[PDB]
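We're numbering straight along the sequence, starting at 1. Just so you know, ligand 1 is whichever comes first in the structure, and atom 1 is the first atom listed for that ligand. Side chains included, hydrogens not; waters and symmetry mates left out as well; all remaining heavy atoms used.
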Amino acid sequence: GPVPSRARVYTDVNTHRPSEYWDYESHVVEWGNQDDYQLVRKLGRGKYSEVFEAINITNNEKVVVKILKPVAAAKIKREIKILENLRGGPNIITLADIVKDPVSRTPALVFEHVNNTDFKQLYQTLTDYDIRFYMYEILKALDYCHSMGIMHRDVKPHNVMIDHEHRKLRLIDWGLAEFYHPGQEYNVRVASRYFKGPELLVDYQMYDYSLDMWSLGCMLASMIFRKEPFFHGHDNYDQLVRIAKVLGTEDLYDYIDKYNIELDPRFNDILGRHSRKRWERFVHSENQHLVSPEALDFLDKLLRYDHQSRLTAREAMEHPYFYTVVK
Ligand SMILES: O=C(CCNCc1ccc(-c2ccccc2)c(Cl)c1)NCCC(=O)Nc1cccc(C(=O)O)c1
C-alpha cells in the first residue's frame, strides 16, 4: 500500500520525553474554582466551544473562558495536556486555569486575556512590514510547538489572535492539536477546507508538523495577493483541483507516486492537465505593495505538494523575507 513517511525534524521528541508528557489519557486534571470567574459577554461560538470575556474576581484581571461543548473525553484531555506542555512558549496562548462549568457540566478552560484587533482592519490595513513581522511571530509559535512534539493542525486566521495596538500575537485553539509520533496514522478530517494540505486531500494519513507549514502558506498567499481564500475549492475534491491549477498536475503525480498513493477515481473526470504557474501571475496593481521577490520565494517553499520538501518552521525563520523584520 502507501509508502510510510516520517518528519525530517523533531521525530524523536516524544521518545526522548517521558510517557506522562504525551500520554494525555493518563493525565489527572486538578480542577480550579469556577466561582473565581464571572462571565461578562460571549466572544464567539464554534462547533466545539463557546468563548467568553470574563473577570477573575480573585485578582480583578480580565481573562477569556472557553467552555467546551460535550465531545469525546479524549479530545478534552488532549487539548489540556498540549496547553500545559506548551505553556510559557513564545506566542502560545497561556492556559491559566481549568474549571467545571456548573451549567454545561463540561470543562471550561481559562486563558490569559486577549484583545483581538478587528479582523477586517487587520486584513485590510496591515502593511508589507506588519505581515512579515506577524508571520515571524507565528513561526516562533510553530517552531516551539513542533520542537515540543506537537502539530497544531488548524493554522488559519481565526486561530491567530493579533492585538495590533500592542504588537502582540498568540496562536490559539489547540483543540485539533496532536502529539506527533513517527509512523502514526492520523485523521485527515482536520483543518478548514481552504487550508487543507494536499496530504489530507489525497487521504495520506502519515502526516506531520509540515501540515502546519502548508496552512501557513495558504494564510500568507491570501494576505499578500488580496485573494481570500487563495485556493477557493467548492468541496474537498475541487480544493485539490484549485491547488493543481497553480502548482500543476505533473508535480501532483510525482507526489502521489513517491508515496504510492492512488487518487480517488472521482479525480479522473475533474483534475485535467495543468502546468505549474509562476507566482508573478497573481500580482496586480492592488496587491503589488505586499509582494516582493522574497515573498514569492518564501511562498514557493511553503506551498509544495511533497510534505517532506516544505520549509520547516526553523528554516522559514532564516528566509530573506524576514531580513527586514526588527529582531
Ligand atoms: O477570531 C479570532 C482571531 C482572529 N484573527 C484575525 C487575523 C489573524 C491573523 C491575520 C494575519 C494573516 C496573515 C498574515 C499575518 C496576519 C489576520 Cl489578517 C487576521 N479571535 C476571536 C476569538 C478568540 O479570541 N478566541 C480565543 C481566545 C483565546 C483562546 C482561545 C482558544 O481556543 O484557546 C480562543
Side-chain angles (χ1 to χ4, degrees), residues 37 40-54 62-69 71 75-76 78-84 86-87 89 91-98 106-142 145 150 152-165 167-177 192 194-195 212 215-230 287 290-291 295 298-299 302 316 321-322 325:
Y37 307 99
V40 176
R41 64 179 166 101
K42 197 182 286 185
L43 251 177
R45 175 202 275 181
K47 38 183 91 186
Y48 294 106
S49 66
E50 286 202 316
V51 173
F52 298 83
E53 282 285 354
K62 287 175 175 84
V63 296
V64 158
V65 170
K66 177 183 184 171
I67 304 178
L68 301 172
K69 287 179 176 179
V71 78
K75 202 178 184 280
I76 292 172
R78 189 180 63 192
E79 178 175 359
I80 287 170
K81 195 72 185 123
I82 286 168
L83 286 167
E84 292 192 347
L86 296 183
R87 183 193 272 142
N91 301 329
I92 305 296
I93 196 70
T94 304
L95 175 72
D97 208 353
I98 308 143
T106 66
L109 309 180
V110 180
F111 300 98
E112 67 179 305
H113 189 253
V114 296
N115 188 23
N116 288 277
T117 296
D118 171 85
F119 69 103
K120 287 191 174 180
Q121 190 164 267
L122 293 169
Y123 189 79
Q124 299 289 342
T125 306
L126 283 182
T127 65
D128 173 33
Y129 180 81
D130 300 339
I131 293 161
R132 302 176 191 223
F133 180 91
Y134 290 123
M135 281 283 303
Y136 195 76
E137 293 302 298
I138 298 166
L139 289 169
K140 284 184 205 173
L142 293 176
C145 69
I150 290 148
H152 185 278
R153 306 200 300 175
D154 202 22
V155 176
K156 60 180 177 185
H158 186 66
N159 291 338
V160 177
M161 189 302 293
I162 295 179
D163 178 354
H164 191 43
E165 187 175 340
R167 307 205 70 81
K168 172 192 187 164
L169 184 147
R170 295 290 185 274
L171 185 50
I172 62 159
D173 201 349
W174 295 79
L176 280 193
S192 288
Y194 308 137
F195 298 90
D212 294 336
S215 307
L216 187 63
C218 293
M219 175 165 169
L220 183 61
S222 64
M223 192 65 177
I224 72 174
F225 295 132
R226 317 274 76 198
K227 186 183 184 308
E228 160 55 35
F230 190 65
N287 66 28
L290 305 175
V291 180
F298 183 50
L299 197 66
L302 296 177
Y321 180 59
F322 304 107
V325 177

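- Among all non-hydrogen protein atoms, the one lying nearest atom 34 (C) of ligand 1 is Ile172 CD1, 3.6 Å.
- The residue from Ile92, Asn91, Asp212 that alone fulfils the side chain to side chain contact (heavy atoms under 4.5 Å, CB included) condition with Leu142 is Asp212.
- The line from CG of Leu109 to OG of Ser49 is 8.5 Å long, rounded to the nearest 0.5 Å.
- For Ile162, the heavy-atom gap to ligand 1 drops under 4.0 angstrom.
- Annotation: side chain of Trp174 is in contact with side chain of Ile150 (closest heavy-atom distance under 4.5 Å).
- Within the set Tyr134, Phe133, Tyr123, the minimum heavy-atom distance to atom 15 (C) of ligand 1 is found for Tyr134.
- For residues 112-139, the set of pairs meeting the ring pair (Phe, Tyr, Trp, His ring centres under 6.0 Å) definition, not counting sequence neighbours, comprises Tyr134-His164, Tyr136-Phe322.
- Residue-to-ligand polar distances keep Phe119 apart from ligand 1: every N/O pair is separated by 3.5 Å or more.
- The nearest heavy-atom contact from the protein to atom 21 (C) of ligand 1 is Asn116 ND2, 3.2 Å.
- For the residues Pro157, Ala221, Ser222, the heavy atom positioned nearest atom 8 (C) of ligand 1 is part of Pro157.
- Applying the ring pair (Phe, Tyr, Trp, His ring centres under 6.0 Å) test to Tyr37 and every residue at least two apart in sequence or in another chain returns nothing.
- Of the protein's non-hydrogen atoms, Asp173 N, 3.3 Å is the one closest to atom 31 (C) of ligand 1.
- Checking only distances, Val160 does come within under 3.5 Å of ligand 1, N or O to N or O.
- An N or O contact shorter than 3.5 Å links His158 to ligand 1 by distance.
- Here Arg170 does not pair with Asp163 in a salt bridge; the nearest charged N to carboxylate O distance is not below 4.0 Å.
- Nearest non-hydrogen protein atom to atom 17 (C) of ligand 1 is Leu122 CB, 4.1 Å.
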Fill in: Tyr321 vs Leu220, side chain to side chain contact (heavy atoms under 4.5 Å, CB included): CA-CA, chis, key distance, verdict
CA-CA 12 Å; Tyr321 180 59; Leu220 183 61; 3.5 Å; yes
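- Residues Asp173 and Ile93 form no side-chain contact, since every pair of their non-hydrogen atoms from C-beta on lies 4.5 Å or further apart.
- Of the protein's non-hydrogen atoms, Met223 CG, 4.0 Å is the one closest to atom 14 (C) of ligand 1.
- Nearest to atom 27 (C) of ligand 1 by heavy atom, out of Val64, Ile138, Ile224, is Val64.
- Nearest protein heavy-atom neighbour of atom 29 (C) of ligand 1: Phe111 CD1, 3.8 Å.
- Of the protein's non-hydrogen atoms, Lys66 NZ, 2.8 Å is the one closest to atom 32 (O) of ligand 1.
- Nearest protein heavy-atom contact of atom 12 (C) of ligand 1 is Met219 CE, 3.4 Å.
- The main-chain N or O of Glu112 is never found under 3.5 Å from a side-chain atom of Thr94 such that the two would form a donor-acceptor pair.
- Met219 CE to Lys156 NZ: the interatomic distance, rounded to the nearest 0.5 Å, is 11.0 Å.
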